[PDB]
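**Student:** Sharing an experimental structure here, sequence included.
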Amino acid sequence: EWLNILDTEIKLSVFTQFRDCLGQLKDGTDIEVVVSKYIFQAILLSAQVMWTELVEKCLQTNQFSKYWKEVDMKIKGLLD
């Protein structure tokens, strides 16, 4: 009984952390601060969803330069 409760609870917790992390990333929040806040899977999925949405709007606007510089800055900050 409690194993079957836990099997659903882990997935619910992962989804909750994912939506909280994506919500934080939305409205403007650097990934560096969020790394120490949520599990790896949640921040990973939130980052990937954001990247898809942002690059889709970049593709419709054809302004890849600004977003590429932003992502490069994110990578340098994460490396630091």
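**Tutor:** Arrived safely. Residues are numbered from 1 along each chain as shown.
**Student:** residue ranges of the helices in this protein, please?
**Tutor:** Secondary structure of the chain by DSSP state H: the helices cover 2-25, 31-35, 40-61, 64-79.
**Student:** Quick one: these as a markdown table, columns for mean neighbour count too.
**Tutor:** C-betas here are computed from N, CA, C, even on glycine. Shown next, in a markdown table, are these (neighbours: other C-beta atoms under 10 Å):
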| stretch | mean neighbour count |
| --- | --- |
| helix 2-25 | 13 |
| helix 31-35 | 14 |
| helix 40-61 | 14 |
| helix 64-79 | 11 |
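**Student:** Can you give the distance from stretch 47-63 to the centre of its chain?
**Tutor:** Distance of stretch 47-63 from the chain centroid (C-alpha atoms, centre = their mean, to the nearest Å) equals 13 Å.
**Student:** same check, this time on stretch 30-41
**Tutor:** The answer for stretch 30-41 is 8 Å, by C-alpha atoms, centre = their mean.
**Student:** And for stretch 7-19?
**Tutor:** 15 Å.
**Student:** go on, stretch 67-76?
**Tutor:** The chain centre lies 15 Å from the centre of stretch 67-76; the measure is C-alpha atoms, centre = their mean.
**Student:** residue at max distance from the center of the chain?
**Tutor:** Within the chain, the residue lying farthest from the chain centre (C-alpha atoms, centre = their mean) is residue 1, at 33.2 Å.
**Student:** Give me the distance between that residue and residue 9.
**Tutor:** 12 Å (C-beta to C-beta, to the nearest Å).
**Student:** Against residue 75, how distant is residue 16?
**Tutor:** 28 Å.
**Student:** before we move on, what about residue 57?
**Tutor:** Residue 57 is 20 Å from residue 75, by C-beta to C-beta.
**Student:** For burial, what's the neighbour tally of residue 38?
**Tutor:** Using other C-beta atoms under 10 Å, residue 38 is surrounded by 20 other residues.
**Student:** residues in contact with it?
**Tutor:** By C-beta atoms under 8 Å, 6 or more residues apart in numbering, residue 38 lies in contact with 17, 18, 20, 21, 46.
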